[PDB]
C-alpha cells in the first residue's frame, strides 16, 4: 500500500482542507489496499516554513502550497501574485486552463517538485487597524504577507511596508503590534482569528490566493503506473470540486466573520475601487518583461 501523507497549514473546514479530505476519501474508496491517504491539517505534520523541503526530502508526499511561496524554486509563478490581474476566481480559472499555465505545473521539475493541479481559495481582502477607503489610507501601515517579493513590492508601492511571516505567525505579530494589517481571503482571515485585533476589513478583491497541488517527482514516479494514473484522475475530480465550491465557502466565512462583530466591513464604491486598481496595477510593469 502506497502511503500518501498530505500536509497543510489550515483547518479541515477550508477549501484546501475539504479538498484533502475528499482526496483521501476518493483514493481510499477507489484504490483499496493500493493507496492509504493520511491528512494532516493545521501544520500538525509540517508547518509553513519547512513543508516544501520536507516534501522534496520525502518526509511528506503531498502539499497544496500557495503560488506566492515558490520563489526559492522558480520565478515562473510570480504572475499569479500581481494585484487586480484577475477580476475573480472565474478569470483566474480560465487562465489556469491555458496550455502555458498547464506547463507551469512542471516549472520546478529541476528541484524535483511535480505539479498536479491548481486549487483556488478566493480573492484577497485587506484587514487593518483602520478603514481603508482609499489607497493613501494604507500609508505607514505594516502588513503581514506571504513570503513573496511580488507582494512585498505591492505594499511598498502603496507607501506601506510588508512583513513576511508564516500563516501561523500572523496573529501573534498583530497582538504584539509589529503588524497592523494583512491581506487574505475571508476563509483565512477567519481562520487566523485576527478579527479581535483588526477592527476593519476592506473588501478590495485586490489579488488571488491560489494553490499548486504538489508532490515530489521521485515519489510520484515510484508509484506503480496503474495506480498513479488512477490517482491522477482522482486529483482532476477533486480539483473540479475544490474550485467550484471555493468562492461559496469564502462568502459564508465573510458572513460569519462579520456577524461576530469584531471586524466591520468597509465597502468600496466604483470610484474607490478604480483608485485602488490605479494605485496597484503599475506593479505589473516591473514584471512584464519576464512574463
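Positions refer to the first chain, counted from 1.
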Discussion item. When the Cα temperature factors in the entry are averaged, is it 97 to 105 or 125 to 133 that ends up higher?
Written reply: 97 to 105
Item to complete: Output the stretch having the higher mean C-alpha B factor in the entry; the candidates are 79 to 87 and 183 to 191.
Response: 79 to 87
Worksheet item: Per the PDB entry, which option out of 254, 69, 228, 262 has the greatest Cα B factor?
Response: 228
Worksheet entry | Ranked C-alpha temperature factor of residue 148 among modelled chain residues, by third | middle
Discussion item. Quick check for you: using the entry's CA B-factors within this chain, is residue 238 in the lowest, middle or highest third?
Written reply: middle
Practice prompt. State the tercile, meaning the lowest, middle or highest third, of residue 250 with respect to the CA B-factors recorded for its chain.
Written response: lowest
Worksheet item: Compared with the other modelled residues in the chain, in which third is the CA B-factor of residue 140?
Response: highest
Practice prompt. Ordered by C-alpha B-factor within the chain, which third holds residue 159? Give me lowest, middle or highest, please.
Written response: highest
